[PDB]
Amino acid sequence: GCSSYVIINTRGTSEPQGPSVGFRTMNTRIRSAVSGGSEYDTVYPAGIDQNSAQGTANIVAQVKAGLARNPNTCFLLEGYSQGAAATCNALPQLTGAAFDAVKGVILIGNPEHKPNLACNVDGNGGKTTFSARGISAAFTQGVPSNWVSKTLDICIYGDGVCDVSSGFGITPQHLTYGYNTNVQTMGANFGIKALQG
């Protein structure tokens, strides 16, 4: 059980610099159930930059800075949209102690969504987006094999960002994760169990 943890939250699109709309509810439940938490909101020019390399670097730096403060610090990594891509890009850079410290990765509307990974669920926890390809999947690696068992990759059916077969680009579905009640429940239960286990 993690006594001290950081929720690293990497936002999307044109969300303002601050907590993403996508995780607000599940985080209230995680922080309420598991003492010792804090939130770091990844600094990067979301919807203003050419890419998210800055977001990836700040995810990696905050994991390393937290472990330096307290080597038993745990992490949950959360990414929405371009922030889910930036989170996926961080995963290969988090090795040994830094890998062991990250207890769970929650992705919503992931542009790097990859077909047939065990972490893939839809908004209702089923398989309607299980084999889906994300809009960035042809050019990126998505969730590496060694991260699948601690990842939850939620793709709402009709979200063209994580499932190119059910929508073209940013579809209204892409915008709905923060007020999807089963998304928030799945995220909260995954994060609580990751930190307590």
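Each residue number is its position in the shown sequence, starting from 1.
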item: 73-81 set against 123-131, stretch whose average Cα temperature factor tops the other in the entry; value: 123-131
item: 148-156 versus 48-56 - which carries the larger mean C-alpha B factor in the record; value: 48-56
item: Residue, from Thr25, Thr10, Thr176, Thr13, that the PDB entry assigns the highest Cα B-factor; value: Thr13
item: Of the residues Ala137, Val43, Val143, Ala65, the one carrying the largest Cα B-factor as recorded; value: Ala65
item: Chain third (lowest, middle, highest) by recorded CA B-factor, residue given as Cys162; value: lowest
